[PDB]
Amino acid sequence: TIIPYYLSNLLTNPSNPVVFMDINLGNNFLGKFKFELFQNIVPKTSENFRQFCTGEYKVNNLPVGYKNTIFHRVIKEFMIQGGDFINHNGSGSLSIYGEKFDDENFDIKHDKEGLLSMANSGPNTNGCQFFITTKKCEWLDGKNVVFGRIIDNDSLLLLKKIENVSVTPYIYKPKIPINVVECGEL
């Protein structure tokens, strides 16, 4: 059919929210992540993520979000994670429900690549850090909550590019910083 696909035609659930993050390798553009948040099934956490993308929050009545953040952990063949606007090293934690919150559920499976999941430190530790599966990691079904997914093949290529960035041997931190310059909602 000769026709531009609308934002909905790319989602699994047309009524679902869509955000994005602009990625720059060090200082140069790399691509744009287009994530579909699962508000339908995971409305509690789903909102927590969207909130940080657009900048709907305050820390001492100030603006808080995923902007100017980075991906502090890139593990090839496994996943990339970041979104620690608090410390920027993988320590900070916060949410639109305090500084942590319960695991809404584990209905969604880490069956494929490109899934957004909540990086926690034990059960019910969902904070502001998220990770994007780069390969299916079933064994996480029950430990982490899948609350989103990339929607197009361009977000998939960017994910692969990042996954390959050279990192520091044991900590897995990218040598040439991978930062989220801009982000919001589509």
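Throughout, we count residues from 1 along the sequence that is shown.
Mean C-alpha B-factor is higher over 48-56 than over the other stretch, the pair under comparison being 48-56 and 157-165.
Mean CA temperature factor is higher for 120-128 when stretches 25-33 and 120-128 are set side by side in the entry. Taking only the listed residues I151, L140, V42, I70, the entry reports the highest CA temperature factor at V42. Among the modelled residues of its chain, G90 has a C-alpha B-factor that falls in the highest third, as given in the PDB entry. Remark: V74 belongs to the lowest third of its chain, ranked by C-alpha B-factor as recorded. Split the chain's modelled residues into thirds by C-alpha temperature factor. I96 is in the highest one.
Sort the modelled residues of the chain by CA B factor and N144 lands in the middle third. The PDB entry assigns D84 a C-alpha temperature factor belonging to the highest third of its chain's modelled residues.
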